[PDB]
Amino acid sequence: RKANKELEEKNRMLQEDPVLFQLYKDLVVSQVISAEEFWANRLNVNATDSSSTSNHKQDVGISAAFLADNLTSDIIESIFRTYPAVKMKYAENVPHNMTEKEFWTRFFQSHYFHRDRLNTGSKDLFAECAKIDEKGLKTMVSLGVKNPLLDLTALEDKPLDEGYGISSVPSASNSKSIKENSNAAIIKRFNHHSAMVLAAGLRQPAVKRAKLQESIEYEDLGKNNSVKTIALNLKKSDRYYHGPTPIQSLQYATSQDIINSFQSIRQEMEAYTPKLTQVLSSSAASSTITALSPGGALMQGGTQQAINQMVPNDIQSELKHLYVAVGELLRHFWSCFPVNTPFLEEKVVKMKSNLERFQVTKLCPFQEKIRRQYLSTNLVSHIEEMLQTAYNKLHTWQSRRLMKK
Amino acid sequence: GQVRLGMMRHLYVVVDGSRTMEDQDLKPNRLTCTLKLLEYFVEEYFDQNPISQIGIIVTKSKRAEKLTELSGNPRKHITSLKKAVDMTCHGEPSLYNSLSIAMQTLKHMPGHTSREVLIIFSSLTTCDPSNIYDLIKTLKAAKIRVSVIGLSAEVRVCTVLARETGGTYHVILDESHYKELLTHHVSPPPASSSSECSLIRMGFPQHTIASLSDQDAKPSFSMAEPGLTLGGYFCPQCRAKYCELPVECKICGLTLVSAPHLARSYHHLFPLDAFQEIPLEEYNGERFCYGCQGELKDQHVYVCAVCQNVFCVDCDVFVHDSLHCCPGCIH
Amino acid sequence: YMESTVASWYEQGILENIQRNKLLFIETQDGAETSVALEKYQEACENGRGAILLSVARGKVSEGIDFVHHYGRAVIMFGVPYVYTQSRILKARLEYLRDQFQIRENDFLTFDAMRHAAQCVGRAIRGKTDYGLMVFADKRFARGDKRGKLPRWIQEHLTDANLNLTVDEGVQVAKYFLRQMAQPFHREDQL
Amino acid sequence: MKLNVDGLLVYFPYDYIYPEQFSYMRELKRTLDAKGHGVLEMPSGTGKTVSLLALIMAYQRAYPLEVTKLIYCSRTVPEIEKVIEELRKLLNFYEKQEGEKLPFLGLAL
Amino acid sequence: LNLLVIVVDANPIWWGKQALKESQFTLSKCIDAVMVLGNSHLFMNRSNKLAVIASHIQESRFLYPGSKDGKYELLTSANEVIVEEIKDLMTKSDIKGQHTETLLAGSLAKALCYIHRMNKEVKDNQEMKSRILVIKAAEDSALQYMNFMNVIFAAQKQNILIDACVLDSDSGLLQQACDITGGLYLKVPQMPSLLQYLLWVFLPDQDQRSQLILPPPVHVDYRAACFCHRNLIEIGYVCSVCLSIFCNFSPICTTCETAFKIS
Ligand SMILES: [Zn+2]
Ligand SMILES: [Zn+2]
Ligand SMILES: [Zn+2]
Ligand SMILES: [Zn+2]
């Protein structure tokens, strides 16, 4: 019952991830800790459905145009972002007096299924609404970024004068055809689709001059070749030369031995070209072979590796459950443990960790009694080593902080 | 460079899965060549920087997919790339959600990691859920470094991305040039005046076999289809059981490193120098190679700076690529 | 002619594919609609999504405008600056140039057409360090007199192999052009 | 780059040109040796306005005894402003090289 | 096609103390076991190659790079030049006092670049599996550890195996190298018997390591100390500028004089 919600969460988990549900039971159901703590400190998930959505790139009416032959696909979500008039129309139509049954029944009508006349398929009226949004930005609605950039004087220079001019013939009030008007209308729709796309993806002296400025700037010489290099001139590199190898017993004796050894080995290598020193070498060959063989010297009675493969499979399943559970326990313990975090909230979390630790040891002893009393094998004492080290760090931290009282 | 480098390095590879990955400008289609050189990239990066990690996102159909999580062993990544040969590459790529998830993890991470993203990016049309300019201002303010390797074209956008996240943008001619670019991004890139210079607490667990023929041992399974582990590497912070030593402590937050791991990347700190390259005969009273005792049958003689001994071309490539030290200056 | 061409690029199934590769911004003879189409054409380049501005080689679109370092990479001159609404000011100025000056009919028409075509395609190298594709799209620019009246700094780089290319041969020359000319061409390659 | 344009030193504004700039000097060497109009063709590579002004200032500096006023004529209003500001860059370079006294009433209209 | 590169630690001081010991086993049987291993390796297949390097105290001079004996001439002439070269090397020698401990990093460097050039010599049909035997008898100096790891990682990249027969004393860096590269380590328990270990534990090539049952791998110590007090560390403090191991926490980093940011 717990929390109308959470009850679905911890539940959804317990159900799915079979390696995690198990754990959740082995810990909560086993009476070691409480369900809230476990689901509480187990935050590991994604940000959103994709950490954002897919912005309307372009051709949101012409990606899979008018044919699938608050949730939807890429096209419906991009229209929901892009044209908020269609958003408010979806607020009106769908909320009042019709449903998707009636609305899609009125969608398989002409211009979308009967192929009547609308200069293109089902994105044609969307392009007409984008052209109306462009004409609202040009006629009804205005812009925003218009100061030194998009200067009024530059706009004033264009369009010549109202009175008759040498080449006034520019916009003709006459000459409105069918195909010519359609081509002009298509251009307006495409230009505003880009403008709406810029508006949807928001979560002249302006452009040409600003990128000319980006090409300028003396950034290279602004600071330095490679910013502020912290030149790493090592002080004591001899610590690198003889590294982390411990100091071997290296006591070469007095330099009289240098002179004695130089004398003896200059006299020694004087002899050469015996041809035959192999009387001793045949002795060596009869002797070298024995070392190679297992019998005699050079064998350690090694590579034995005596194992205890008696009841493999179900004990392996037991140990999978156990190492998952104790991994989660020591995960929380050594994750909160390391820095003391000297306040009262973290110390209270450490006390809850202490309670979970003691009940974890009780559940581990119960699992060892219920498991290892079957055929008398399979030391589980590694998990007891891990939990004993948790026990030890807890008591050592307690004595350390009581010394730090 | 004798400059500070970012040596703990959570790099994070974002591959296209666009429509333009299927174009055949390379000798196989771009997906296959890119993925082959990323297999080589993961190999050489884990061969040269052991502490660091990689994560792989395929960006596909205006959405981003964390294909392989941020880990530090080449087996899982190369297994996933051998899987990802078989993909489809359909739809335009969104560089928003993938950079958002990478930012979300790489905002609160320890300040000393040079958190780096490498975007192998091909196509031209990118759909932006928010505002692209505000995303770059945010990613400029969010501590991370993003470098883009580009295919077929150069957008002033990849230049702004590279110079602001603090990265570098490059466009590809060939197989060989693209190998040179990924080899350029293997090495640890130098740090800005912004990244934290912390002191991470480290752990050095010794190897532990079965004590004395398992006389009072601690038989465990593992810690991340495992068998019965008799012995191995412990974790002194928490005293757990790890098979492979270079694993970030899964239940403590310590980083566990063997003695070679820090010594595998010491050559970045006391680096090499240049070889004085001279082709002609030129006063050579030392006819033989000081590298490997051979004659100089070609007209390229290479002489070091400090000791100024003699080296040939084979010793040049070998010293400057693999051995990373002059054999003379050791003596 | 642009009206009729972009008309018959729609009934014929072409223009959606051009949409799939880049974003069109067609021109109109409004004073404000052209400025909005130009502004979205320059915003699309900043977005990084491919754009493509198709205009008329006579109007104000190509008078004030100067080729950008990255605002126009490939100036596509459709057609030869030819009109179809000439009353008799043209015929009378040509009769004058025959009579009282000595300049032929077919000489002055070719001169006027080529000064407009190479005007709208001749400001590309705004900065010496820029790469600019400039295609001429119809066969008449190869016919010796019309090619002979392009300026010398464009005839110098007009190769006989490039003369009368196909569409796809021109596309492959464009690819090899851009790939050979997107590399680091630093100041040290110019001294 | 300190050009000798047969009478005068000329400080190339920023300091970057192709070898065609040396050829450029020869082309107007003919233009102001004899006064009488003259039609040039520099393509769009070199500073269009910058090229049309460095050498004319070199001649007027070498022998500025027959020139009262320059009337530049560019058509579009942005070009009017652009050519004035490139002339202003060249005067700022000209006064960085010299001192402070650089009398010069540039003026758009 | 295989390439054995024997490296014999010819410390004149150590073998001089060994020859004044008046034991059975002197340098003559060492270099003779080296040559019998070399002739055995050239003897096992026609295509095999051999190179024998001798690390002296101050120089890495190579030894290696009719049939009166009755051996193959390409073997008799090679044995004659190796014998005469070690007699010219070790007998007529020098004497210095500041540098008297032997080296192993330089001879391994020469071996690495020699295997590189001999792999460039190989044509496209055949390929070459290579390894480096190291016959060590002296005490390695600690002072070249910075160098020594580097050649190991070169042998990690160049896929050259490393094997080691140590004679008198154990060597942590060399068992470390034979652990990293995938080679093999062996400490001989009785010296006069040195020749055939080379013949059956170090003679067999890469496609006989997997067939033969060999002496088992000793556990390798990854001991690590500070640069401060040289004592053994289980938890250390490592800088991110100097990249150096400190044992106890200190304010001012000594290795690179770092103005340490304190929190
Ligand atoms: Zn731990
Ligand atoms: Zn040197
Ligand atoms: Zn060499
Ligand atoms: Zn330091």
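No Cβ is skipped: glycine too gets one built from the backbone with ideal geometry, and neighbour counts run over all protein chains shown. Read-outs throughout are calculated quantities, based only on the coordinates presented, and are distinct from any laboratory measurement.
Just a few scattered comments:
- When the range B:187-201 is filtered for residues that are of a type in the set (A, V, I, L, M) and either over 24 Å from B:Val42 (Cα atoms) or surrounded by fewer than 17 Cβ atoms within 10 Å (Cβ to Cβ) (or both), the ones remaining, listed by number, are B:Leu199, B:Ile200.
- Qualifying positions in the range B:87-108 - crowded, with 16+ Cβ neighbours inside 10 Å and facing chain A (nearest Cβ under 7 Å): B:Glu92, B:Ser94, B:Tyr96, B:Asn97, B:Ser100, B:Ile101
- Answer from A:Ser249, A:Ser237 - the residue that is of a type in the set (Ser, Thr, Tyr), closer than 21 Å to E:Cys226 by Cβ and loosely packed, with under 14 Cβ neighbours inside 10 Å: A:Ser249
Table: residues versus (1) within 16 Å of ligand 4 (Cβ to nearest atom); (2) more than 30 Å from E:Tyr237 (Cβ to Cβ); (3) out of contact with any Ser or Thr (no Cβ under 8 Å at 6 or more places or on another chain).
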residue	(1), (2), (3)
A:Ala199	no, yes, no
A:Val207	no, yes, yes
A:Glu219	no, yes, yes
A:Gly243	yes, no, yes
A:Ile247	no, no, yes
A:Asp257	no, yes, yes
A:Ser261	no, yes, yes
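- Evaluation of E:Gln58 against (1) assigned to a helix (DSSP H, G or I); (2) surrounded by 13 or more Cβ atoms within 10 Å (Cβ to Cβ) (one fails), failing number: (1)
- E:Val218 vs. criteria away from ligand 4 (no atom under 16 Å from the Cβ), assigned to a loop (DSSP other than H, G, I, E, B) and touching a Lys or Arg at 6+ places or on another chain (Cβ under 9 Å): yes
The rows are residues; the columns are (1) more than 9 Å from chain A (Cβ to nearest Cβ); (2) under 28 Å from A:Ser249 (Cβ atoms); (3) within 16 Å of ligand 3 (Cβ to nearest atom).
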residue: E:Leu194; (1), (2), (3): no, yes, no
residue: E:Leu199; (1), (2), (3): no, no, no
residue: E:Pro204; (1), (2), (3): yes, no, no
residue: E:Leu212; (1), (2), (3): yes, no, no
residue: E:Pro216; (1), (2), (3): no, yes, no
residue: E:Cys228; (1), (2), (3): no, yes, no
residue: E:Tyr237; (1), (2), (3): yes, yes, no
residue: E:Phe249; (1), (2), (3): yes, no, no
residue: E:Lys261; (1), (2), (3): yes, no, no
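- Look at (1) touching a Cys at 6+ places or on another chain (Cβ under 6 Å); (2) more than 8 Å from chain E (Cβ to nearest Cβ); (3) of a type in the set (A, V, I, L, M) and you find that A:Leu234 fails only one, number (2).
- Annotation note: of B:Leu118, B:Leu139, the sole residue that is assigned to a helix (DSSP H, G or I) and either under 21 Å from C:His70 (Cβ atoms) or touching a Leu at 6+ places or on another chain (Cβ under 9 Å) (or both) is B:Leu139.
- Only a single criterion out of (1) more than 14 Å from chain A (Cβ to nearest Cβ); (2) in contact with a strand residue (DSSP E or B) (Cβ under 7 Å, 6 or more places away or on another chain); (3) not polar (S, T, N, Q) is not satisfied by E:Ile86, namely (1).
- Within the range A:210-234, the residues that satisfy the criterion of being surrounded by 10 or more Cβ atoms within 10 Å (Cβ to Cβ) and part of a loop (DSSP other than H, G, I, E, B) are A:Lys223, A:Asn224, A:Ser226, A:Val227, A:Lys228, A:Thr229, A:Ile230, A:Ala231, A:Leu232, A:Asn233, A:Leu234.
- Residue in the range B:147-162 that is in a loop (DSSP other than H, G, I, E, B), over 23 Å from the mean Cα position of the chain (by Cα) and within 10 Å of chain A (Cβ to nearest Cβ) present: no
- Test result for B:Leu161, touching a strand residue (DSSP E or B) at 6+ places or on another chain (Cβ under 9 Å), more than 16 Å from ligand 1 (Cβ to nearest atom), farther than 23 Å from B:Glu44 by Cα and of a type in the set (A, V, I, L, M): yes
- Residue that is nearest to the other protein chains (Cβ to nearest Cβ), among those in the range A:13-33 that are assigned to a loop (DSSP other than H, G, I, E, B) and exposed (fewer than 15 other Cβ atoms within 10 Å of the Cβ): A:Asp17
- Check on B:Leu212, over 23 Å from A:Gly243 (Cβ atoms), more than 16 Å from ligand 2 (Cβ to nearest atom) and more than 9 Å from every other protein chain (Cβ to nearest Cβ): yes
- Enumeration of residues in the range A:153-178 that are surrounded by 11 or more Cβ atoms within 10 Å (Cβ to Cβ) and either in contact with a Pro (Cβ under 6 Å, 6 or more places away or on another chain) or within 11 Å of chain C (Cβ to nearest Cβ) (or both): A:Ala154, A:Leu155, A:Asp157, A:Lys158, A:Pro159, A:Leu160, A:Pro170
- Checked against the criterion of being of a type in the set (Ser, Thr, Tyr), within 16 Å of ligand 2 (Cβ to nearest atom) and in contact with a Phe, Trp or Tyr (Cβ under 9 Å, 6 or more places away or on another chain), the candidates B:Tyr266, B:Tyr290, B:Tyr242 yield just one match: B:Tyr290.
- Flag for B:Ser220 being touching a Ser or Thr at 6+ places or on another chain (Cβ under 6 Å) and crowded, with 19+ Cβ neighbours inside 10 Å: yes
- Taken together, E:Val241, E:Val201 contain a single residue that is surrounded by 15 or more Cβ atoms within 10 Å (Cβ to Cβ), outside any loop (DSSP other than H, G, I, E, B), away from ligand 2 (no atom under 16 Å from the Cβ) and among the β-branched types (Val, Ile, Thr), which is E:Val201.
- Check on B:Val42, of a type in the set (A, V, I, L, M, F, W, C) and surrounded by fewer than 18 Cβ atoms within 10 Å (Cβ to Cβ): no
- Positions within the range A:348-359 being more than 10 Å from A:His332 (Cβ to Cβ), within 33 Å of the chain's Cα centre (by Cα) and surrounded by 14 or more Cβ atoms within 10 Å (Cβ to Cβ), in sequence order: A:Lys350, A:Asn354
- Out of E:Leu167, E:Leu174, E:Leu161, E:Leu143, sole residue that is more than 14 Å from E:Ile53 (Cβ to Cβ), at the interface with another protein chain (Cβ under 8 Å from one of its Cβ atoms), away from ligand 2 (no atom under 16 Å from the Cβ) and hydrophobic (A, V, I, L, M, F, W, C): E:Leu143
- Of the strands (runs of 3 or more DSSP E) lying entirely inside the range B:1-109, not one carries at least 3 residues that are hydroxyl-bearing (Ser, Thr, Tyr).
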